[PDB]
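Student: starting from these lines, generate the structure:
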Amino acid sequence: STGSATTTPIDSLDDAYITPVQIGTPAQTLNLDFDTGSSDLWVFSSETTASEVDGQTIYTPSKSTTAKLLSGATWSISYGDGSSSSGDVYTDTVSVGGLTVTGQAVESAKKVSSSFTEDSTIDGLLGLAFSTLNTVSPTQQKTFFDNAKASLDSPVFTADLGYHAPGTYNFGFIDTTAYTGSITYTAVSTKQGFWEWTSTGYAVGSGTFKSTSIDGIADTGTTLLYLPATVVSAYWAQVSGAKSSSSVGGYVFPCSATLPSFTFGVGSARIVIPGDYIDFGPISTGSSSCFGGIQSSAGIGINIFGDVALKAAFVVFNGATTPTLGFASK
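Tutor: Numbers count the residues shown, from 1 in each chain. I have put the structure below:
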């Protein structure tokens, strides 16, 4: 089997991407944030504290003939950005782009933090990291990909995120028309539950490539590219007037700037992020200070190849017995 679904930016800045997901019988379609940095499929629901729902579409398990309460199961997750959610658990039929999993754990939110409430366009998350990170207790649950894997034509999914445009998540096949050149594969460590890999270095604009190992995670659920402070300083030093602002919470730059590209290495291959991908617009409405898309990971404890990096590539998440990651230009 295979599946293929379009993923769409939630706003003009590509702050996140949403993908329609069918849950239950008859189908209830929710728009979920596919997140290769976490492993819970959770949704706004009829159980979510009323004051914490503001425009989201909700899952109502009582209206699904295939929904079953997973007795005694609860979940609670806290994300790196400080947001969180928690609740109870159902199993139900879940379909993504024509690919169907029966008995998928659907984590129904009873509580969500303010950032989720305030984002009317995101109805929940669909985690695509390794199932070892799943927060369901007392019986840990599998991700949608984990459940689907055996049935897939090939045990892979791909992320093809667009810049200011829709893109695609495919399951079970590699669309050879979706990228240019070849796919370069690189080793993955699953030790922390992430798609963790090691970039071979970077370049800023037309500058020389610096060969250096940068360990980080491929994370579709994080907006920006978070890299070591040395690397980030080297990038922003090429932008007149750019500075790190403690009050704003990162590097900012004059909105009048033309940003240089940023290149990262995948083995001997190179992925080029155009400068425009690194512009996240005014820090507040009407400001001439703009927020940078490359930020320091100092304090996070890990480097994160988020959407800013991933959208410059066609990315293969290879879930074979020994997982690997593939990157191609596009």
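Student: now residue 180. Nearest residue, chain neighbours left out?
Tutor: Once flanking residues are discounted, residue 180 sits nearest to residue 329: 5.2 Å by Cβ to Cβ, 6 or more residues apart in numbering. Backbone N, C-alpha and C define where each C-beta goes, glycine included.
Student: correct me, but the one you found touches residue 272?
Tutor: Yes: counting by Cβ atoms under 8 Å, residue 329 touches residue 272, with 7.3 Å between them.
Student: same drill for the two, tell me which one is more crowded.
Tutor: residue 329 (17 against 14; other Cβ atoms under 10 Å).
Student: so what's that one up against?
Tutor: Residues in contact with residue 329, defined by Cβ atoms under 8 Å, 6 or more residues apart in numbering, are 179, 180, 181, 271, 272, 312, 313, 314.
Student: cool, residue 73 as well?
Tutor: By Cβ under 8 Å, 6+ apart, the residues touching residue 73 are 88, 89, 105, 136, 137, 138, 139, 141.
Student: quick check: the gap between it and residue 199.
Tutor: Residue 73 is 38 Å from residue 199, where distance means Cβ to Cβ, to the nearest Å.
Student: show me the domain layout of this protein.
Tutor: Split into domains by curated CATH domains, the chain comes to 5-174, 175-330.
Student: for the first one, what is the distance to the chain centroid?
Tutor: Right, domain 5-174. Chain-centre distance of domain 5-174: 12 Å, with Cα atoms, centre = their mean, to the nearest Å.
Student: same thing with the last one?
Tutor: Once both centres are worked out by Cα atoms, centre = their mean, domain 175-330 turns out to sit 13 Å from its chain's centre.
Student: span of it from start to end?
Tutor: Domain 175-330 has an end-to-end distance of 12 Å (Cα to Cα, to the nearest Å).
Student: over to the first one?
Tutor: Distance between the two ends of domain 5-174: 13 Å, counting by Cα to Cα.
Student: residue boundaries of the helices in the stretch 151-300 of the chain?
Tutor: For the stretch 151-300 of the chain, the helices defined by DSSP state H, counting those that start in this stretch occupy 229-236.
Student: quick check, residue 318 in contact with residue 218.
Tutor: No: the pair residue 318 / residue 218 is not scored as a contact, 11.3 Å apart, by Cβ under 8 Å.
Student: which one's more surrounded, those two?
Tutor: A count of neighbours by other Cβ under 10 Å puts residue 218 above the other of residue 318 and residue 218, at 27 against 19.
Student: enumerate every residue touching the residue nearest to the more buried one when sequence neighbours are not counted.
Tutor: Computed as Cβ to Cβ, 6+ apart, the closest residue to residue 218 that is not its neighbour in sequence is residue 195, at 4.4 Å. Each residue near residue 195 by Cβ under 8 Å, 6+ apart is listed here: 36, 37, 129, 188, 217, 218, 219, 317, 323, 325.
Student: for the fourth one, give me its contacts.
Tutor: If a contact means Cβ under 8 Å, 6+ apart, then residue 188 has 195, 196, 197, 318, 323, 324, 325 as its contacts.
Student: and these, which two are furthest apart?
Tutor: 196 and 318 (13.7 Å; Cβ to Cβ).
Student: what segments of the stretch 201-330 of the chain are strands?
Tutor: With DSSP state E, counting those that start in this stretch as the criterion, the stretch 201-330 of the chain has strands at 210-218, 225-227, 243-245, 250-254, 262-266, 269-273, 279-282, 289-292, 294-296, 303-305, 314-318, 324-328.
Student: I misspoke; the intended subject was the stretch 51-200 of the chain.
Tutor: Under DSSP E, counting those that start in this stretch, the stretch 51-200 of the chain gives strands at 68-78, 84-96, 99-112, 124-127, 156-160, 167-171, 184-187, 196-204.
Student: in TSV: those strands, plus distance to residue 45.
Tutor: Shown next, in TSV, are the strands of the stretch 51-200 of the chain (distance: least, Cβ to Cβ, whole Å):
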stretch	distance to residue 45
strand 68-78	12
strand 84-96	7
strand 99-112	4
strand 124-127	8
strand 156-160	25
strand 167-171	23
strand 184-187	38
strand 196-204	32
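Student: now, of these, which is deepest in the fold?
Tutor: Ranked by mean neighbour count, these are led by strand 124-127 with a mean of 27 (mean count of other Cβ atoms under 10 Å).
Student: in contact with the residue nearest to residue 107 when sequence neighbours are not counted, which residues?
Tutor: Nearest residue to residue 107, sequence neighbours excluded (Cβ to Cβ, 6+ apart): residue 42, at 3.8 Å. If you count contacts by Cβ under 8 Å, 6+ apart, residue 42 has them with 75, 77, 85, 87, 106, 107, 108, 109, 124, 125.
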